[PDB]
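Below is one structure, written out as structure tokens; comments come after it.
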Amino acid sequence: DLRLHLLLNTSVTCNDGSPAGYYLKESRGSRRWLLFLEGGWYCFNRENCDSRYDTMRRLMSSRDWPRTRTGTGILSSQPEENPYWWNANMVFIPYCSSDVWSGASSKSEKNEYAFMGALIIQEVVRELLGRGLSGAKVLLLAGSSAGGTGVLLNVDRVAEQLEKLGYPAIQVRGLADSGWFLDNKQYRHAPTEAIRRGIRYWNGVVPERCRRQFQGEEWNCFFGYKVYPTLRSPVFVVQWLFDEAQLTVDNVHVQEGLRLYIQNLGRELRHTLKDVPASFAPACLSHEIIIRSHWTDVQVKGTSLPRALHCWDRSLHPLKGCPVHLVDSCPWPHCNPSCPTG
Ligand SMILES: COCC(=O)Nc1nc(-c2ccccc2)cs1
Ligand SMILES: *[C@@H]1O[C@H](CO)[C@@H](O)[C@H](O)[C@H]1NC(C)=O
């Protein structure tokens, strides 16, 4: 179990003004720290945020949060569930800002909700330094789905924060799981407009180099293949080639037209990853993996995800039989036999 801590700075809040927080399990014999960003869609105006507050309130408030949480997958402390980082300090950061971890706006007389995702992170890091993060060797910022995109938007800001605060020895890295989306044409007739509206609603912030490239066009930086080239911190990318959330936004739920559509989607995703040296992309129909209990099962070219992440660690000290770039080439869902049956 990871135990809950509400933020001492109560001005950093969830959507409804309740305090944000984090769950922590601390491993005093380790100098590695894993900070995981929860996912769960987003909302982009008053009307659909109001709907989210009725039936998805734990994603908008801490008032009902439980006191402990079980670490699963990469957050597990058992070596046989987590071959990669079982002895690390574990942190789970709940997603209660509905802004893809990008907001920096408080609740006011003109704002019904607060969107503080970028600041919630910003602050979890601050309070953790007093609980042992000051002695870390590596800080891995991880996340799934909306949290995976949140890794891409925030990893360089965390690195900059620790540099100005006087901790140049902490190596900040990122692990983005199922947050590598394409702004492609739908199968039937959209995401990009929802993101554009969201940024204005949230006062959303994007990384500085990406902002300077696109200059009204900041929505571009929410898409993996466009923002990744601008990042300095090392980032490992985990992405199913046929992600279920990507197919949902494409209005896909088999004859020739749809066959070509699905094959072209895999090809395009595969193309966007070819210059990404640390990546794991199996040809499966699924969504999220790294905090799933059976995340050790899937393999690409005979290498599991826990092994590929270990090989990544070694590379940051090509390696013989310990690869870090693993992308399937076969063109149809579940042509990899190790894909989840679920
Ligand atoms: C660039 O976008 C950032 C992002 O996080 N987008 C997401 N989209 C979803 C989603 C949307 C519709 C149906 C199922 C899932 C989850 S997260
Ligand atoms: C609390 O957080 C807010 C928003 O991030 C910030 O303006 C303020 O300086 C913080 N207070 C303290 C005491 O750090």
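Just so it is clear, none of the values below were taken in a lab; they were calculated from the coordinates. Note that each Cβ is placed from the backbone with ideal geometry, even for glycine, and that neighbours are counted across all protein chains shown.
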Where residues in region 312-328 are of a type in the set (A, V, I, L, M, F, W, C) and farther than 25 Å from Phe242 by Cβ, which of them is nearest to the chain's Cα centre (by Cα)? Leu316
Examine region 245-257 for a residue that is touching an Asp or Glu at 6+ places or on another chain (Cβ under 9 Å) and charged (D, E, K, R), and state whether such a residue exists. no
Selection from region 98-130 of residues within 25 Å of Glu26 (Cβ to Cβ) and either polar (S, T, N, Q) or more than 16 Å from ligand 2 (Cβ to nearest atom) (or both) yields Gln122
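Any residue in region 202-224 that is away from ligand 2 (no atom under 16 Å from the Cβ), polar (S, T, N, Q) and farther than 26 Å from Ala114 by Cα? Explain how you work it out, then say what you get.
Residues of region 202-224 that are away from ligand 2 (no atom under 16 Å from the Cβ), as a first pass: 206-224.
Filter once more, so that each one left must be polar (S, T, N, Q): 213, 215, 220.
From what's left, farther than 26 Å from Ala114 by Cα: 213.
Looking for residues that are away from ligand 2 (no atom under 16 Å from the Cβ), polar (S, T, N, Q) and farther than 26 Å from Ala114 by Cα, one finds at least one in region 202-224, hence yes.
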Can you pull out the residues in region 165-187 that are within 21 Å of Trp312 (Cα to Cα) and either under 15 Å from the mean Cα position of the chain (by Cα) or among the charged types (D, E, K, R) (or both)? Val172, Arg173, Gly174, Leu175, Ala176, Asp177, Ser178, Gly179, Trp180
Inside region 77-104, the number of residues satisfying the requirement of being surrounded by fewer than 19 Cβ atoms within 10 Å (Cβ to Cβ) and either of a type in the set (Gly, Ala, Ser) or not in a loop (DSSP other than H, G, I, E, B) (or both) is 2
Within region 241-261, identify whether any single residue is within 16 Å of ligand 2 (Cβ to nearest atom) and not charged (D, E, K, R), and answer yes or no. no
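Say we look at region 110-126 and pick out the residues that are more than 17 Å from the chain's Cα centre (by Cα) and either assigned to a helix (DSSP H, G or I) or away from ligand 1 (no atom under 16 Å from the Cβ) (or both); which of these is farthest from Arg173 (Cα to Cα)? Working first, answer last.
Pass one, region 110-126, residues more than 17 Å from the chain's Cα centre (by Cα): 110-115, 123, 126.
This time we only want the ones that are either assigned to a helix (DSSP H, G or I) or away from ligand 1 (no atom under 16 Å from the Cβ) (or both), so: 110-114, 123, 126.
On the way: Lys110: 37, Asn111: 34, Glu112: 35, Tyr113: 31, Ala114: 28, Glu123: 18, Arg126: 17 Å.
Filtering region 110-126 for residues that are more than 17 Å from the chain's Cα centre (by Cα) and either assigned to a helix (DSSP H, G or I) or away from ligand 1 (no atom under 16 Å from the Cβ) (or both), the one farthest from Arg173 (Cα to Cα) comes out as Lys110.
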Among the numbered conditions (1) within 16 Å of ligand 1 (Cβ to nearest atom); (2) more than 21 Å from the chain's Cα centre (by Cα), tell me where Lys107 comes up short. (1)
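Run down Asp183, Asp156 and say which single residue is away from ligand 2 (no atom under 16 Å from the Cβ), touching a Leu at 6+ places or on another chain (Cβ under 9 Å) and among the acidic types (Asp, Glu).
Going through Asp183, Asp156 in turn, the sole match is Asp156.
State all residues of region 207-229 that are part of a loop (DSSP other than H, G, I, E, B) and not hydrophobic (A, V, I, L, M, F, W, C); if no residue qualifies, say none.
Just the residues of region 207-229 that are part of a loop (DSSP other than H, G, I, E, B), to begin with: 207, 215-217, 223.
Once the filter is applied, which keeps residues that are part of a loop (DSSP other than H, G, I, E, B) and not hydrophobic (A, V, I, L, M, F, W, C), region 207-229 yields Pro207, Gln215, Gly216, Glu217.
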Just one of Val254, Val205 is under 29 Å from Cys14 (Cα atoms) and more than 13 Å from ligand 1 (Cβ to nearest atom); which is it? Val205
So which of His189, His253, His271 ends up being exposed (fewer than 15 other Cβ atoms within 10 Å of the Cβ) and over 24 Å from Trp41 (Cβ atoms)? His271
